[PDB]
Amino acid sequence: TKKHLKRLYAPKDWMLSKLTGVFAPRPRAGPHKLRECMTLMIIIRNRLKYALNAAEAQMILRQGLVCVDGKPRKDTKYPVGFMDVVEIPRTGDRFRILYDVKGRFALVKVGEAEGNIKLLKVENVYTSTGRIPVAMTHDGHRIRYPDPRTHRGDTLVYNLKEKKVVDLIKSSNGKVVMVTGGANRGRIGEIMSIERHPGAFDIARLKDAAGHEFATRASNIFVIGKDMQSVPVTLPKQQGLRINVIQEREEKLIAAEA
Amino acid sequence: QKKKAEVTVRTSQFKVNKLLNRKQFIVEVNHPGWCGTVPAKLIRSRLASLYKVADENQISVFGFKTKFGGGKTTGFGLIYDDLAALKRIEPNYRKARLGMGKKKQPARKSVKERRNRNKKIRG
Amino acid sequence: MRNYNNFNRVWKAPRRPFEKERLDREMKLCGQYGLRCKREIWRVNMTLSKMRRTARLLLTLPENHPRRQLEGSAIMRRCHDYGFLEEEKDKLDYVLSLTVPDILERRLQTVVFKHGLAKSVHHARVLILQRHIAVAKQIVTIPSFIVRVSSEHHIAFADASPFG
RNA sequence: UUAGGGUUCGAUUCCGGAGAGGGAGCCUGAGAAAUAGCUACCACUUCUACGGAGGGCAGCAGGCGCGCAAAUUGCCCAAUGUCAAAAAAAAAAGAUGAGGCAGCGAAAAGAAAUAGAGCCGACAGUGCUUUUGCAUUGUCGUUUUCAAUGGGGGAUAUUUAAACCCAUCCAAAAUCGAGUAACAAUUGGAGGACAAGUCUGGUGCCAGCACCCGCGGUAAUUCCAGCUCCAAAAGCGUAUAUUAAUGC
RNA sequence: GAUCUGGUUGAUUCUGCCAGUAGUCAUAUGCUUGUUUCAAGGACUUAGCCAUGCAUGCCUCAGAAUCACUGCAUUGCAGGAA
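Per-chain numbering applies: from 1 upward along each written sequence, possibly unlike the entry's numbering, with residues missing coordinates excluded. Chain A is the first chain written and ligand 1 is the first ligand written, with later ones labelled in order. Each value given relates to the chains shown, not to the larger assembly they are part of. For the side-chain quantities, the full set of heavy atoms in the structure was used; hydrogens and water were omitted.

Its PDB record attributes the structure to cryo-EM, giving the resolution as 4.0 Å.

**Let's talk about the interface of chain A and chain C**
To be explicit about the condition: Any two residues having at least one pair of non-hydrogen atoms within 4.5 Å are treated as being in contact. Buried area is calculated as the accessible area (1.4 Å probe) missing from two parts once they are joined, with the contributions of both summed. Salt-bridge detection follows one rule: a side-chain nitrogen of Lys or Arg within 4 Å of a carboxyl oxygen of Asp or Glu. Any pair of N or O atoms that falls within 3.5 Å is considered a polar contact. Within protein, one atom must be able to donate a hydrogen and the other to accept it, and sequence-neighbouring residues count only if both atoms are side-chain atoms. The helix and strand labels rest on DSSP assignments: H or I over at least four residues marks a helix, E over at least two residues marks a strand, and numbering proceeds from the N terminus. Each residue gets one label: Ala, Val, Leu, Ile, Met, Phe, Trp, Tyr, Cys and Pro are nonpolar, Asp, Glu, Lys and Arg are charged, and the others, such as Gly, are polar.
The partner chain C presents eight residues to the nine residues of chain A that form the contact. Summed over both partners, the interface of chain A with chain C comes to about 780 Å²; 67% of that surface belongs to carbon and sulfur atoms. Counting across the chain A and chain C interface gives zero salt bridges. Taken together, the connections running from chain A to chain C amount to zero residue pairs in polar contact. Of the residues forming the side of chain A that touches chain C, the biggest block, four residues, is contributed by helix α3 (residues 245-256) of chain A. Residues belonging to the side of chain A that touches chain C are distributed by class as follows: six nonpolar, no polar and three charged.

**Comments concerning the sheet that holds strand β11 (residues 132-137) of chain A**
Residue and element names in this part refer to chain A. Condition: Two strands make a pair as long as DSSP finds a minimum of two bridges between them. Each axis is a line fitted through C-alpha atoms, and for a helix only the stretch in contact is used; angles between axes span 0 to 180 degrees, taken between their N-to-C directions.
Taken together, five strands build an open sheet; the order of strands is β12-β11-β10-β13-β14 and the sheet is antiparallel. In this open sheet, the two strands that pair with only one neighbour each are β12 (142-144) and β14 (164-169). If you compare each strand with its neighbour and ignore which way they point, the axes differ by 45° on average. As judged from the three bridges shared by β11 and β12, these two strands associate in the antiparallel manner. Within the sheet, the bridge partner assigned to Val-134 lies in β12 and is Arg-144.

**Considering the nonpolar core**
Side chains of a nonpolar character, in soluble globular proteins, are inclined to be buried together. Applicable threshold: Nonpolar core, defined: a set of buried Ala, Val, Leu, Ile, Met, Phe, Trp, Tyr and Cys residues in which side-chain atoms within 4.5 Å join the residues together. Buried residues are those whose accessible area, probed at 1.4 Å on protein chains only, stays under 20% of the maximum for their type, while exposed residues exceed 50% and partly exposed ones sit between those limits. Reported domain spans reflect what an automatic or database domain assignment gives.
Core analysis: the largest hydrophobic core is formed by 58 residues, its most contacted members being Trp-14, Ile-60, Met-83 and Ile-224 of chain A. A total of five residues in this core trace back to one element, the largest contributor, which is helix α1 (residues 40-48) of chain A. When residues of this core are assigned to domains, at least three map to each of domain 1 (1-113) and domain 3 (171-242) of chain A. Residues in contact with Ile-60 of chain A, not counting those within four places in the same chain, are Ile-44, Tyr-50, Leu-65 and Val-66 of chain A together with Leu-19 and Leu-20 of chain B.

**A few points about the protein's contact with RNA strand E**
Note the cut-off: Think of it this way: one heavy atom of a residue within 4 Å of a molecule or strand is enough to make that residue near it.
As a matter of local geometry, RNA strand E sits amid 19 residues, with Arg-115 of chain B together with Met-1, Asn-3, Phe-7 and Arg-9 of chain C nearest to it. Sugar plus phosphate: this is where 76% of the atoms of RNA strand E within 4 Å of the protein reside. Among the residues forming the surface near RNA strand E, the class breakdown is four nonpolar, five polar and 10 charged.

**Remarks on the side chain of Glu-152 of chain C**
Residue and element names in this part refer to chain C. Note the following rule: Charged-residue counts in this description rest on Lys and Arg as positive and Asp and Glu as negative, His and the chain ends being excluded.
Structurally, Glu-152 is set in the segment after α6 (121-129). The charged side chain of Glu-152 is buried without a salt bridge, its nearest counter-charge being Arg-106 at 4.5 Å. Apart from the residues within four sequence positions on either side, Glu-152 is in contact with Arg-106, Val-111, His-115 and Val-147.

Structural data, given as structure tokens:
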């Protein structure tokens, strides 16, 4: 059982430094995996800057002033992965974490009624006792009584105001879809095709807007909406389009002349 | 003599932190013609007039970084709302520069030695 | 343990140090530009060899290669800065025509003298280190500070200076 | 370390495995065949009014031994993490030789002081020249002279958990200080390889030098001294291993 | 920097090693140092033996207080040992 983590062996999507400190926090197990998560203390301290020190993050959280999933937390360490709404009511602000283009955690700011919306990808379906069907998700949530049309790897729109599931969205056909992991993170596009290799990983080919096709694993597909004009949730800072190295450098210079 | 030295204090990026009820403001200093480093007393006075605080008690500042060549300094400071909020929320050392800190705990070593001997006793 | 700070050498001694050819072309510099010791002449040599390595490697490549495109503009850009080459240069063969003096020439020690603020290079090295020079408004007391093409026209003197 | 191909190293900060004097066995626990948990044997080892009872530093310091060879029985939980019933504070601030800080530290690595300038005299080179003379550049020198600054001293202070280091300053009314700038650079070389002596004294196949080639038998460019000059420079020699040199 | 310099001979051209040569967070060692910035540091020779001290304990608003424990209170409250 591991209870310690070193800064280098920790993700640098948390944007820790080589120098200053030796350890990084190992979060308590929860909805999300160690690599894909970002621990509370990291967010509050290094990004939002409502804390300058570890101890100050305990001060805020133990007390309680912070909610995720609309539930208040007294937890110092807790995962925050993907499609999680966090709300600090003291500020009155609602963040929705996502994957920004270029592999960065996005923190995107939402209207208040969008922060009751959430999207969870389904992993398995199975029948449990009493013939009661269950969809188990990638956040470990159990949706009792899902629709009879549910399949593995589809999204379920999930009301956090009161817990239930309205209409689903499938991974079928061309639909607006975004990537999770694999270093095509936050890049958005239509499904062009879904290749099958049975007994092995199923490739899928995505085509983003303004062309430039590419390939990513089925496992890394996470649906957004029916269409780009039917999206239920906001996009991060960049729209889900990447640009060439040359153009990055060019634009960096142009703005620096101001 | 040929001049009067003055201490100029400014600020750059400001926060309102309602969670801890404090302000977080990156200070700048300039201090043209001032001899040596600027004592923190002056800075507290300038900041008082600037943010319309009636106290240098609520103003508590830590760290100052003197850039190479000439009189220059930059730093960071904290204003709090109430004086009760200050005492409670803030670290011991920061407070004790104002003289609002707590008395130091007895030496670490003597604690250890005694804390061991307490494991032996039954009452 | 647990140190994650790098160390690197910036200077190295050329092979066969008793070549009377090399000795000539050392003293010629170190006396003229007022350099402290040979270590300085070598320090610039290294950084120049480095630059010239990547430029050679880029030049090899066919046109419209990403390495060529991106990193070509960068090498050129930073020789426009510091005034090593002018803005009529683009080839990455110009970059390979750089030699040791053109570096030394743009060090603060020489730039001070050449702009008319000292009477010798030796004398301008003192003017630096007695904290009585600036490079726009920032007091620099290092003679090996390489001066931008823009900022060699704003040198002035320190505001701590009895000469200013 | 190498242009390339390669060559060689990995005890050691991160990840993985294994171990806690040598072996084996076991309990508890979700997880252990745990060793600052237990049981036994063996090699050691500490107390005892000798009836008995203990010990395991390859945890941090420290001691002995070992070898060519390696730091303080220091300060702190402020930071970074962890453990917990646990936010802080309220009379009222949990623990941590994990970890941070300082001491010691020419392994290694970055920056940089030991001077700079005007007059006079001497020397060399170039141009013009009536050969008298003039101009320019560089060097050296006197009881020559002029400014400026750090090393160092101190603080209205500041850094830090506390205190230092760095930095900023010598009044803002009020605060130090170089002229042989004694605040004085050394370690190896000058026959060849290999940058630098047509030197002077001493020694005379002795003493010694010499990686190698070779020097020394009274005429030493190499030894032992002095002066002179050279290379690198706050670093420079020597030993061993390894890589380049090697298409050996 | 894709580097061949001395040594076999009366003199010469080869083969061929030896010696010279530059690096090493690679260790030891001699001599010498006025400051700053950054650091490895009992691995190598015995995973040899160890004096002494210290190195994981922990409770709020919320599991158990009649310390014959302390204050405020006067058959009521708050701290609070182990």
